[PDB]
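Inspection log for the structure reproduced underneath, given as structure tokens.
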Amino acid sequence: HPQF
Amino acid sequence: XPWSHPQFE
Amino acid sequence: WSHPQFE
Amino acid sequence: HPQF
Amino acid sequence: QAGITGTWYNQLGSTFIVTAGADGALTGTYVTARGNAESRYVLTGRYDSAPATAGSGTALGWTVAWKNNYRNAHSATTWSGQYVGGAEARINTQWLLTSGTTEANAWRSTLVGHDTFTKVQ
Amino acid sequence: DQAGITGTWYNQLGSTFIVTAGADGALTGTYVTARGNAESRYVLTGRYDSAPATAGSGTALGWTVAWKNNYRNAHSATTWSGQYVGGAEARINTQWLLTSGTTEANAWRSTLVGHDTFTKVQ
Amino acid sequence: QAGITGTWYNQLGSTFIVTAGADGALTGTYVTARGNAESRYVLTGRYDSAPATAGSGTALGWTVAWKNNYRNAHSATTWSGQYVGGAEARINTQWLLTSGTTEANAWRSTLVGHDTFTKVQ
Amino acid sequence: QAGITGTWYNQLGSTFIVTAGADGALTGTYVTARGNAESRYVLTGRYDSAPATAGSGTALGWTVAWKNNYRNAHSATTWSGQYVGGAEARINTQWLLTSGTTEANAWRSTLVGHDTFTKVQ
């Protein structure tokens, strides 16, 4: 997921 | 938190 | 994808 | 509160 | 989007009046059940502006800081959740209410809960 | 205050939080994931308490990112709720909720919870 | 509580069978809606064993690790909430489901949600 | 089992002493920062006694109700997280602290936060  | 809060009045 | 809590 |  | 835009009520009778913008913006007014001008607060947030897929909800979130021209409660709530359409559209959320505190009381700064909104009320 | 929140912040996992705090309580800016390229930038909006009660008190705030931009869409949105603390080592301490679009059957797996601490750039 | 002691059901069809010890212990079995023996898990927890006040809830929590002799989902859920006695007895909870992850994936290790239990199927 | 068993310290001066049973049991004592007898509370929980790999964490949870022979805060906390083994072992958690309330004030019943524990005093 981009957030990390 | 307070005793009263506008979100739940 | 699945889990026993919600089967 | 005791937790803290 | 077209479904999100409108007036919503939660289980306590609070009112959520929202415009969903074409590109993912949420803007509007959150009105505590009391109902007067003293009870109106600005909201802003974001939602997934992709065309809705088969039977899946649309992710969204918004924030209210509990300060307006009349009152300041020195706190802000974020709601995180998803919009579902159909005969009975609903927005299902979990929220965090963070109060401003001293650092010694920070461990005690954030309440958690949940709200369900319907366009019926 | 508002000069204190406005700026560039980073969290513990390498993300960047680029924000402007308005005098009216508005938060507006850009969230950048750890990869740091163009496909890593997302719009953020939120609100904060623009008149905090004492001087030793933190400033309550919140913001949202929906994880869609021109390049990618994770069909999800994160909200961060927390407090700004100023001073020498100014910080923004948050708890966050990440919700994904799901079917009604999978709603139990829709919302992740966590926490992030952000420190400012000199 | 002999009020807390008993068989509880949540919205989804899951069953919560609990003994409340006089001292504050909670012990029992959590049964997923599927019903059979591979659906039964051990639970333990604690509750406030003080006598209840004037219409205020009794705080409690409990844990299930989702391993039994048949299955291991490598995860554990905690429920935190309160028991409301009387004729329409209820346990209202918020829960956290944590899965064992690598350290790179810890940030997505914990789901949050809510459940309501009553003694009525 | 021998990994989790021991004495753990959080970031704010609290201690908890736990035995991890081979069956997945967690049993022990939580001590708040004061560190005297009025500061000691029973804890119980569960953990995954067969985690999935050497590099994945071990999911666990436990509850403390904040009642002992000396004090009663009419509340209970649950911790949900994972144990990370090796030679700098950790327990990383998120917690929910629920207080007994009237239904009118149930909105303020549950606080949320996080705790990291190490075996280093």
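So you can find residues: chains in the structure tokens are A, B, ... in the order shown, residues in each start at 1, and ligands are numbered from 1 in order.
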May I have a table of the residues of chain C lying at most 10 Å from range 60-79 of chain G, giving each one's closest pair of atoms and their distance in Å to one decimal, counting only C-alpha atoms, ordered by chain and ascending residue number, as a Markdown table?
```
| residue | atom | partner | partner_atom | distance |
| --- | --- | --- | --- | --- |
| C:2 | CA | G:73 | CA | 9.5 |
| C:3 | CA | G:73 | CA | 7.0 |
| C:4 | CA | G:66 | CA | 7.5 |
| C:5 | CA | G:66 | CA | 8.2 |
```
Grab the residues selected above and save them as a compact mmCIF listing (two decimals), in the first residue's frame with N, CA and C atoms.
```
# COMPACT_ATOMS: atom_id res chain seq x y z
N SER C 2 -9.73 -14.35 4.37
CA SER C 2 -10.75 -14.83 5.30
C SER C 2 -10.11 -14.96 6.68
N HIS C 3 -10.96 -15.11 7.69
CA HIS C 3 -10.47 -15.20 9.06
C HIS C 3 -11.57 -15.83 9.90
N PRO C 4 -11.24 -16.71 10.86
CA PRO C 4 -12.32 -17.40 11.59
C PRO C 4 -13.27 -16.48 12.35
N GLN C 5 -12.81 -15.32 12.80
CA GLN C 5 -13.68 -14.43 13.59
C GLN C 5 -14.96 -14.04 12.84
```
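Superposing chain E on chain H by least squares over all C-alpha atoms, matched in sequence order, gives an RMSD of 0.8 Å.
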Exercise for the section: Select, from F:96, F:26, F:32, F:81, the residue with the minimum atom-to-atom distance to residue 8 in chain F, counting only C-alpha atoms. Expected result: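 Counting only C-alpha atoms, the residue closest to residue 8 in chain F is F:32.
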Practice task
Give the residues of chain H that lie within 8 Å of chain F; count only C-alpha atoms, and format the answer as a PyMOL selection string.
Solution key: chain H and resi 94+113-114
Problem - Separation of CA of residue 96 in chain H from CA of residue 47 in chain G, in Å and rounded to one decimal - result: 13.9 Å
Exercise for the section: Write out as a PyMOL selection string which residues come within 7 Å of residue 111 in chain H when counting only C-alpha atoms, dropping same-chain ones fewer than 4 positions away. Expected result: (chain E and resi 108+110-112) or (chain H and resi 96-98)
Practice task
Pick out the chain F residues within 9 Å of chain A. Count only C-alpha atoms. Give them as a ChimeraX atom specification.
Solution key: /F:13-15,32-35,40,67,74,78
Put those residues in a file: C-alpha atoms, as a CSV table (one decimal), in the first residue's frame.
```csv
chain,number,residue,atom,x,y,z
F,13,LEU,CA,8.7,5.4,7.8
F,14,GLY,CA,10.0,8.1,5.4
F,15,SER,CA,6.8,9.8,4.2
F,32,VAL,CA,4.4,12.1,-0.3
F,33,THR,CA,5.0,8.4,0.3
F,34,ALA,CA,8.5,7.1,0.9
F,35,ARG,CA,9.4,6.4,-2.7
F,40,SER,CA,3.9,9.1,-4.7
F,67,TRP,CA,-5.0,7.3,-2.1
F,74,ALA,CA,-5.5,2.2,-3.9
F,78,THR,CA,-6.4,7.4,5.6
```
Exercise for the section: For residue 4 in chain B, please output as a list in words all residues within 12 Å (counting only C-alpha atoms; exclusion window: fewer than 4 positions along the same chain). Expected result: residues 8 and 9 of chain B; 73 of chain E; 104, 105, 106, 107 and 108 of chain H
Practice task
One decimal, Å: what's the distance from CA of residue 115 in chain H over to CA of residue 38 in chain H, could you say?
Solution key: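 About the pair CA of residue 115 in chain H and CA of residue 38 in chain H: they are 21.8 Å apart.
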